[PDB]
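Asks: Sending over a structure as C-alpha coordinates; questions will come in a sec.
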Amino acid sequence: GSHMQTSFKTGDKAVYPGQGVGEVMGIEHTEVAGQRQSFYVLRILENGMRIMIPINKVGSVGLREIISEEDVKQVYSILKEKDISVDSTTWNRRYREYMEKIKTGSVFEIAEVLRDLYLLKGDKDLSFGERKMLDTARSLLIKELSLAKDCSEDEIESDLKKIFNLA
(Lines give C-alpha, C1' and ligand atoms only; values in the text may rest on other atoms or scores of the structure.)
Protein backbone atom coordinates (compact mmCIF):
# COMPACT_ATOMS: atom_id res chain seq x y z
CA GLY A 1 0.00 0.00 0.00
CA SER A 2 0.89 3.74 0.36
CA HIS A 3 -1.71 6.02 2.11
CA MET A 4 -2.57 4.76 5.68
CA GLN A 5 -2.19 7.58 8.28
CA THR A 6 -3.95 10.63 9.87
CA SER A 7 -1.99 12.47 12.64
CA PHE A 8 -0.26 10.22 15.26
CA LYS A 9 -0.66 6.36 15.53
CA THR A 10 0.04 4.27 18.71
CA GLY A 11 3.26 5.31 20.49
CA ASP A 12 2.38 8.45 22.54
CA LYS A 13 0.10 8.92 25.60
CA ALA A 14 -2.48 11.76 25.36
CA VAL A 15 -4.28 13.65 28.20
CA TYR A 16 -7.10 16.15 27.57
CA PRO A 17 -8.75 18.46 30.22
CA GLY A 18 -11.44 16.01 31.49
CA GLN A 19 -10.05 12.44 31.95
CA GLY A 20 -6.49 11.73 30.67
CA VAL A 21 -6.84 8.03 31.63
CA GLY A 22 -5.91 6.60 28.18
CA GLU A 23 -3.28 5.62 25.54
CA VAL A 24 -3.32 6.36 21.74
CA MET A 25 -4.14 3.03 19.94
CA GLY A 26 -4.41 4.58 16.42
CA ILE A 27 -6.98 6.59 14.40
CA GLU A 28 -10.57 5.44 13.65
CA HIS A 29 -12.57 6.84 10.71
CA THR A 30 -16.29 7.28 11.55
CA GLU A 31 -19.19 8.81 9.62
CA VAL A 32 -21.02 11.82 11.23
CA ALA A 33 -24.54 11.87 9.65
CA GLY A 34 -22.81 10.58 6.41
CA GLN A 35 -19.59 12.76 6.53
CA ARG A 36 -16.02 11.27 6.54
CA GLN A 37 -14.37 12.25 9.88
CA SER A 38 -11.29 11.01 11.82
CA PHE A 39 -10.76 10.53 15.57
CA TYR A 40 -7.93 9.47 17.93
CA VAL A 41 -8.54 5.91 19.24
CA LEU A 42 -7.80 6.72 22.87
CA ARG A 43 -7.91 3.40 24.82
CA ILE A 44 -8.90 4.09 28.45
CA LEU A 45 -6.37 2.41 30.82
CA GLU A 46 -8.99 2.53 33.68
CA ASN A 47 -11.40 -0.19 32.36
CA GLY A 48 -10.69 -0.48 28.55
CA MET A 49 -13.26 2.09 27.16
CA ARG A 50 -12.84 3.82 23.75
CA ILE A 51 -12.82 7.62 23.42
CA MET A 52 -12.94 9.07 19.86
CA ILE A 53 -11.28 12.53 20.16
CA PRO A 54 -11.85 14.74 17.05
CA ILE A 55 -8.46 15.46 15.31
CA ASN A 56 -9.99 18.76 13.97
CA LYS A 57 -12.23 20.12 16.85
CA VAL A 58 -9.05 19.97 19.05
CA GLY A 59 -7.69 22.87 16.88
CA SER A 60 -3.90 22.85 17.46
CA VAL A 61 -3.62 19.61 19.58
CA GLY A 62 -6.36 19.54 22.34
CA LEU A 63 -4.80 16.36 23.87
CA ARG A 64 -1.55 17.12 25.77
CA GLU A 65 0.62 14.32 27.22
CA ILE A 66 1.33 14.34 31.02
CA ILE A 67 4.62 13.76 32.93
CA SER A 68 6.94 10.87 31.90
CA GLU A 69 8.63 8.05 33.96
CA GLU A 70 11.49 10.60 34.53
CA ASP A 71 9.21 12.62 36.86
CA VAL A 72 7.76 9.43 38.48
CA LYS A 73 11.32 8.49 39.62
CA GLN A 74 12.02 12.00 41.06
CA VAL A 75 8.58 12.15 42.81
CA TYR A 76 9.19 8.84 44.65
CA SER A 77 12.53 10.33 45.97
CA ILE A 78 10.57 13.35 47.43
CA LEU A 79 8.43 10.96 49.55
CA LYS A 80 11.15 8.23 50.07
CA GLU A 81 12.24 10.18 53.19
CA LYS A 82 10.26 8.96 56.26
CA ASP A 83 11.77 11.91 58.29
CA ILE A 84 9.11 14.41 56.98
CA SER A 85 6.63 13.29 59.77
CA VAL A 86 5.07 16.66 60.79
CA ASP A 87 4.02 17.42 64.42
CA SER A 88 0.27 17.45 65.39
CA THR A 89 0.63 21.17 66.42
CA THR A 90 2.13 22.41 63.09
CA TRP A 91 -0.19 19.92 61.26
CA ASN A 92 -3.16 22.38 61.38
CA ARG A 93 -0.94 25.07 59.67
CA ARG A 94 0.51 22.42 57.25
CA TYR A 95 -3.08 21.59 56.17
CA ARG A 96 -3.25 25.11 54.51
CA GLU A 97 0.02 24.91 52.44
CA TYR A 98 -1.12 21.43 51.34
CA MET A 99 -4.76 22.53 50.60
CA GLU A 100 -3.38 24.89 47.90
CA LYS A 101 -1.30 21.97 46.37
CA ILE A 102 -4.58 20.02 45.84
CA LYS A 103 -5.92 22.93 43.65
CA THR A 104 -2.94 22.58 41.24
CA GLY A 105 -2.73 18.79 41.58
CA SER A 106 0.96 19.14 40.55
CA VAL A 107 2.53 15.66 40.61
CA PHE A 108 5.57 16.83 42.69
CA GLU A 109 3.11 18.67 45.06
CA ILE A 110 0.33 16.01 45.51
CA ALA A 111 2.83 13.26 46.20
CA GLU A 112 4.31 15.48 49.00
CA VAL A 113 0.80 16.36 50.31
CA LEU A 114 -0.57 12.81 50.60
CA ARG A 115 2.83 11.62 52.01
CA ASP A 116 2.64 14.14 54.85
CA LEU A 117 -0.85 12.89 55.90
CA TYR A 118 0.28 9.23 55.38
CA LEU A 119 3.24 9.56 57.79
CA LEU A 120 1.04 11.66 60.19
CA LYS A 121 -1.02 8.45 60.86
CA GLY A 122 1.84 5.96 60.07
CA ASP A 123 -0.67 3.63 58.27
CA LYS A 124 -3.02 4.23 55.23
CA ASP A 125 -6.23 4.39 57.34
CA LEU A 126 -6.04 8.16 58.03
CA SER A 127 -8.47 9.95 60.42
CA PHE A 128 -11.73 11.59 59.18
CA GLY A 129 -10.12 15.04 58.45
CA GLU A 130 -6.80 13.59 57.16
CA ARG A 131 -8.61 11.07 54.83
CA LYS A 132 -10.63 14.06 53.40
CA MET A 133 -7.48 15.77 52.00
CA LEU A 134 -5.78 12.39 51.25
CA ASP A 135 -8.81 11.13 49.18
CA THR A 136 -8.42 14.07 46.72
CA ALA A 137 -4.60 13.76 46.70
CA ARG A 138 -4.64 9.88 46.18
CA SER A 139 -6.97 10.33 43.16
CA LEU A 140 -4.15 12.52 41.67
CA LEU A 141 -1.14 10.43 42.98
CA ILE A 142 -2.00 7.41 40.78
CA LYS A 143 -3.11 9.79 37.94
CA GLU A 144 0.31 11.38 37.48
CA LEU A 145 2.39 8.33 38.59
CA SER A 146 0.10 6.24 36.22
CA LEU A 147 3.08 6.28 33.78
CA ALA A 148 5.21 3.75 35.77
CA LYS A 149 1.92 1.85 36.60
CA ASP A 150 0.35 1.28 33.11
CA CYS A 151 -1.94 -1.17 35.07
CA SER A 152 -4.56 -1.34 37.93
CA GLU A 153 -4.55 1.49 40.57
CA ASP A 154 -3.08 -1.10 43.01
CA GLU A 155 0.33 -0.54 41.27
CA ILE A 156 0.72 3.06 42.65
CA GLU A 157 -1.66 2.61 45.65
CA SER A 158 0.68 -0.25 46.76
CA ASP A 159 3.91 1.75 45.93
CA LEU A 160 3.01 3.84 49.00
CA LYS A 161 3.89 0.78 51.17
CA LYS A 162 7.57 0.93 49.95
CA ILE A 163 7.72 4.77 50.23
CA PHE A 164 5.87 5.52 53.55
CA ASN A 165 6.81 2.02 54.95
CA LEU A 166 3.11 0.90 55.43
CA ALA A 167 3.54 -2.82 54.48
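Quick note on naming: the chains in the C-alpha coordinates go A, B, ... in the order shown, residues restart at 1 in each chain, and ligands are numbered from 1 in order of appearance.
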Tell me, which residues of chain A carry DSSP strand (DSSP E), written as a PDB file with N, CA and C atoms, in the first residue's frame?
Replies:
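Contents of out-v9.pdb, as written:
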```
ATOM      1  N   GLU A  23      -4.449   5.757  26.419  1.00  0.00           N
ATOM      2  CA  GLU A  23      -3.279   5.623  25.540  1.00  0.00           C
ATOM      3  C   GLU A  23      -3.717   5.582  24.065  1.00  0.00           C
ATOM      4  N   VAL A  24      -3.052   6.347  23.188  1.00  0.00           N
ATOM      5  CA  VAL A  24      -3.324   6.355  21.739  1.00  0.00           C
ATOM      6  C   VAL A  24      -3.120   4.940  21.188  1.00  0.00           C
ATOM      7  N   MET A  25      -4.154   4.351  20.586  1.00  0.00           N
ATOM      8  CA  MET A  25      -4.137   3.026  19.939  1.00  0.00           C
ATOM      9  C   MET A  25      -4.340   3.096  18.414  1.00  0.00           C
ATOM     10  N   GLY A  26      -4.282   4.304  17.848  1.00  0.00           N
ATOM     11  CA  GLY A  26      -4.411   4.580  16.420  1.00  0.00           C
ATOM     12  C   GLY A  26      -5.454   5.651  16.118  1.00  0.00           C
ATOM     13  N   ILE A  27      -5.903   5.707  14.862  1.00  0.00           N
ATOM     14  CA  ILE A  27      -6.976   6.593  14.398  1.00  0.00           C
ATOM     15  C   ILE A  27      -8.099   5.766  13.754  1.00  0.00           C
ATOM     16  N   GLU A  28      -9.332   6.020  14.187  1.00  0.00           N
ATOM     17  CA  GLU A  28     -10.567   5.438  13.655  1.00  0.00           C
ATOM     18  C   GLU A  28     -11.256   6.476  12.767  1.00  0.00           C
ATOM     19  N   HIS A  29     -11.810   6.012  11.648  1.00  0.00           N
ATOM     20  CA  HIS A  29     -12.568   6.836  10.707  1.00  0.00           C
ATOM     21  C   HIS A  29     -14.050   6.502  10.865  1.00  0.00           C
ATOM     22  N   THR A  30     -14.831   7.433  11.410  1.00  0.00           N
ATOM     23  CA  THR A  30     -16.289   7.278  11.548  1.00  0.00           C
ATOM     24  C   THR A  30     -17.013   8.056  10.457  1.00  0.00           C
ATOM     25  N   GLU A  31     -18.339   8.066  10.547  1.00  0.00           N
ATOM     26  CA  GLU A  31     -19.188   8.811   9.624  1.00  0.00           C
ATOM     27  C   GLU A  31     -20.256   9.608  10.395  1.00  0.00           C
ATOM     28  N   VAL A  32     -20.107  10.939  10.461  1.00  0.00           N
ATOM     29  CA  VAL A  32     -21.017  11.817  11.225  1.00  0.00           C
ATOM     30  C   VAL A  32     -22.161  12.243  10.310  1.00  0.00           C
ATOM     31  N   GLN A  35     -20.844  12.051   6.822  1.00  0.00           N
ATOM     32  CA  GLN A  35     -19.586  12.764   6.526  1.00  0.00           C
ATOM     33  C   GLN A  35     -18.346  12.044   7.074  1.00  0.00           C
ATOM     34  N   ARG A  36     -17.331  11.860   6.216  1.00  0.00           N
ATOM     35  CA  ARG A  36     -16.017  11.269   6.541  1.00  0.00           C
ATOM     36  C   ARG A  36     -15.294  12.117   7.593  1.00  0.00           C
ATOM     37  N   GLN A  37     -15.072  11.566   8.786  1.00  0.00           N
ATOM     38  CA  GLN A  37     -14.374  12.253   9.878  1.00  0.00           C
ATOM     39  C   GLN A  37     -13.448  11.291  10.639  1.00  0.00           C
ATOM     40  N   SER A  38     -12.291  11.791  11.079  1.00  0.00           N
ATOM     41  CA  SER A  38     -11.293  11.010  11.822  1.00  0.00           C
ATOM     42  C   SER A  38     -11.305  11.332  13.312  1.00  0.00           C
ATOM     43  N   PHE A  39     -10.832  10.383  14.119  1.00  0.00           N
ATOM     44  CA  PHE A  39     -10.756  10.530  15.567  1.00  0.00           C
ATOM     45  C   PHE A  39      -9.639   9.674  16.173  1.00  0.00           C
ATOM     46  N   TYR A  40      -8.951  10.203  17.181  1.00  0.00           N
ATOM     47  CA  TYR A  40      -7.929   9.474  17.931  1.00  0.00           C
ATOM     48  C   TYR A  40      -8.583   8.351  18.731  1.00  0.00           C
ATOM     49  N   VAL A  41      -8.129   7.119  18.511  1.00  0.00           N
ATOM     50  CA  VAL A  41      -8.539   5.911  19.239  1.00  0.00           C
ATOM     51  C   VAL A  41      -7.845   5.934  20.591  1.00  0.00           C
ATOM     52  N   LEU A  42      -8.363   6.716  21.534  1.00  0.00           N
ATOM     53  CA  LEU A  42      -7.797   6.716  22.872  1.00  0.00           C
ATOM     54  C   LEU A  42      -8.398   5.537  23.649  1.00  0.00           C
ATOM     55  N   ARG A  43      -7.541   4.597  24.058  1.00  0.00           N
ATOM     56  CA  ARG A  43      -7.913   3.404  24.825  1.00  0.00           C
ATOM     57  C   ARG A  43      -7.750   3.682  26.305  1.00  0.00           C
ATOM     58  N   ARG A  50     -13.311   3.245  25.008  1.00  0.00           N
ATOM     59  CA  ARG A  50     -12.836   3.817  23.745  1.00  0.00           C
ATOM     60  C   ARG A  50     -13.355   5.238  23.535  1.00  0.00           C
ATOM     61  N   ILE A  51     -12.480   6.226  23.696  1.00  0.00           N
ATOM     62  CA  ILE A  51     -12.820   7.623  23.420  1.00  0.00           C
ATOM     63  C   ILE A  51     -12.369   7.922  21.985  1.00  0.00           C
ATOM     64  N   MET A  52     -13.206   8.641  21.232  1.00  0.00           N
ATOM     65  CA  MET A  52     -12.935   9.073  19.859  1.00  0.00           C
ATOM     66  C   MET A  52     -12.769  10.598  19.859  1.00  0.00           C
ATOM     67  N   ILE A  53     -11.559  11.083  20.144  1.00  0.00           N
ATOM     68  CA  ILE A  53     -11.277  12.529  20.157  1.00  0.00           C
ATOM     69  C   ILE A  53     -11.191  13.064  18.724  1.00  0.00           C
ATOM     70  N   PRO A  54     -11.888  14.158  18.386  1.00  0.00           N
ATOM     71  CA  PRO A  54     -11.852  14.740  17.045  1.00  0.00           C
ATOM     72  C   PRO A  54     -10.492  15.378  16.730  1.00  0.00           C
TER      73      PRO A  54
END
```
Asks: Write out as a list in words the residues lying within 10 Å of residue A:109, counting only C-alpha atoms and excluding same-chain residues fewer than 3 positions away.
Replies: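 The filter keeps residues 75, 78, 98, 100, 101, 102, 104, 105, 106, 112, 113, 114, 115, 137 and 141 of chain A.
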Asks: Write a file of the selected residues as a PDB file, in the first residue's frame, keeping N, CA and C atoms.
Replies:
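The result, written out as part_1.pdb:
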```
ATOM      1  N   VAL A  75       9.699  12.079  41.862  1.00  0.00           N
ATOM      2  CA  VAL A  75       8.579  12.153  42.811  1.00  0.00           C
ATOM      3  C   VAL A  75       8.731  11.153  43.944  1.00  0.00           C
ATOM      4  N   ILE A  78      11.121  12.254  46.600  1.00  0.00           N
ATOM      5  CA  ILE A  78      10.573  13.353  47.425  1.00  0.00           C
ATOM      6  C   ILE A  78       9.834  12.800  48.655  1.00  0.00           C
ATOM      7  N   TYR A  98      -0.794  22.640  52.085  1.00  0.00           N
ATOM      8  CA  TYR A  98      -1.122  21.429  51.338  1.00  0.00           C
ATOM      9  C   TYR A  98      -2.470  21.546  50.623  1.00  0.00           C
ATOM     10  N   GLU A 100      -3.690  24.187  49.150  1.00  0.00           N
ATOM     11  CA  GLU A 100      -3.381  24.886  47.897  1.00  0.00           C
ATOM     12  C   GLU A 100      -2.744  23.959  46.838  1.00  0.00           C
ATOM     13  N   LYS A 101      -1.921  22.981  47.248  1.00  0.00           N
ATOM     14  CA  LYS A 101      -1.305  21.975  46.367  1.00  0.00           C
ATOM     15  C   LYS A 101      -2.346  21.065  45.711  1.00  0.00           C
ATOM     16  N   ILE A 102      -3.464  20.807  46.392  1.00  0.00           N
ATOM     17  CA  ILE A 102      -4.579  20.023  45.841  1.00  0.00           C
ATOM     18  C   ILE A 102      -5.264  20.751  44.674  1.00  0.00           C
ATOM     19  N   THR A 104      -3.830  22.723  42.400  1.00  0.00           N
ATOM     20  CA  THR A 104      -2.938  22.583  41.235  1.00  0.00           C
ATOM     21  C   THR A 104      -2.936  21.130  40.763  1.00  0.00           C
ATOM     22  N   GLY A 105      -2.968  20.214  41.734  1.00  0.00           N
ATOM     23  CA  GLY A 105      -2.727  18.793  41.580  1.00  0.00           C
ATOM     24  C   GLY A 105      -1.388  18.439  40.933  1.00  0.00           C
ATOM     25  N   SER A 106      -0.406  19.345  41.016  1.00  0.00           N
ATOM     26  CA  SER A 106       0.965  19.145  40.551  1.00  0.00           C
ATOM     27  C   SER A 106       1.492  17.839  41.119  1.00  0.00           C
ATOM     28  N   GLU A 112       3.869  14.916  47.715  1.00  0.00           N
ATOM     29  CA  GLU A 112       4.305  15.476  48.999  1.00  0.00           C
ATOM     30  C   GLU A 112       3.144  15.652  49.985  1.00  0.00           C
ATOM     31  N   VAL A 113       1.985  16.108  49.493  1.00  0.00           N
ATOM     32  CA  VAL A 113       0.797  16.356  50.312  1.00  0.00           C
ATOM     33  C   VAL A 113       0.336  15.061  50.951  1.00  0.00           C
ATOM     34  N   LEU A 114      -0.036  14.076  50.124  1.00  0.00           N
ATOM     35  CA  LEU A 114      -0.571  12.806  50.599  1.00  0.00           C
ATOM     36  C   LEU A 114       0.414  12.130  51.558  1.00  0.00           C
ATOM     37  N   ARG A 115       1.713  12.169  51.227  1.00  0.00           N
ATOM     38  CA  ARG A 115       2.829  11.623  52.005  1.00  0.00           C
ATOM     39  C   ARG A 115       2.807  12.167  53.420  1.00  0.00           C
ATOM     40  N   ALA A 137      -5.997  13.943  47.066  1.00  0.00           N
ATOM     41  CA  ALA A 137      -4.595  13.763  46.700  1.00  0.00           C
ATOM     42  C   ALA A 137      -4.280  12.375  46.101  1.00  0.00           C
ATOM     43  N   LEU A 141      -2.396  11.181  42.824  1.00  0.00           N
ATOM     44  CA  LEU A 141      -1.143  10.433  42.981  1.00  0.00           C
ATOM     45  C   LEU A 141      -0.994   9.382  41.879  1.00  0.00           C
TER      46      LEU A 141
END
```
Asks: Can you pull out every residue from stretch 69-125 of chain A that DSSP, working from the backbone, puts in alpha helix (DSSP H), and format the result as a VMD selection string?
Replies: chain A and resid 69 to 79 88 to 104 107 to 121
Asks: Between atom CA of residue A:111 and atom CA of residue A:149, what is the distance in Å, rounded to a tenth?
Replies: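 Pair atom CA of residue A:111 / atom CA of residue A:149 returns 14.9 Å.
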Asks: Could you check which of A:134, A:166, A:120, A:160 is closest to residue A:89, using only C-alpha atoms?
Replies: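 The answer is A:120, which sits nearest to residue A:89.
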Asks: Find the residues near stretch 144-146 of chain A: any atom within 12 Å, counting only C-alpha atoms, skip ones fewer than 2 places away on the same chain, and give them as a ChimeraX atom specification.
Replies: /A:13,15,19-23,45-46,65-76,105-111,137-142,148-160
Asks: To one decimal in Å, tell me the separation between atom CA of residue A:164 and atom CA of residue A:47.
Replies: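 Atom-to-atom, atom CA of residue A:164 and atom CA of residue A:47 are spaced 27.9 Å apart.
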Asks: In Å, with one decimal, what is the gap from atom CA of residue A:103 to atom CA of residue A:90?
Replies: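 These two atoms are separated by 21.0 Å.
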Asks: Between A:48, A:124, A:1, A:130, which one has atoms that come closest to residue A:94, using only C-alpha atoms?
Replies: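 Ranking A:48, A:124, A:1, A:130 by distance to residue A:94, first place goes to A:130.
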Asks: Excluding same-chain residues fewer than 2 positions from residue A:85, what lies within 9 Å of it counting only C-alpha atoms, as an MDAnalysis selection string?
Replies: chainID A and resid 82:83 87 115:120 122
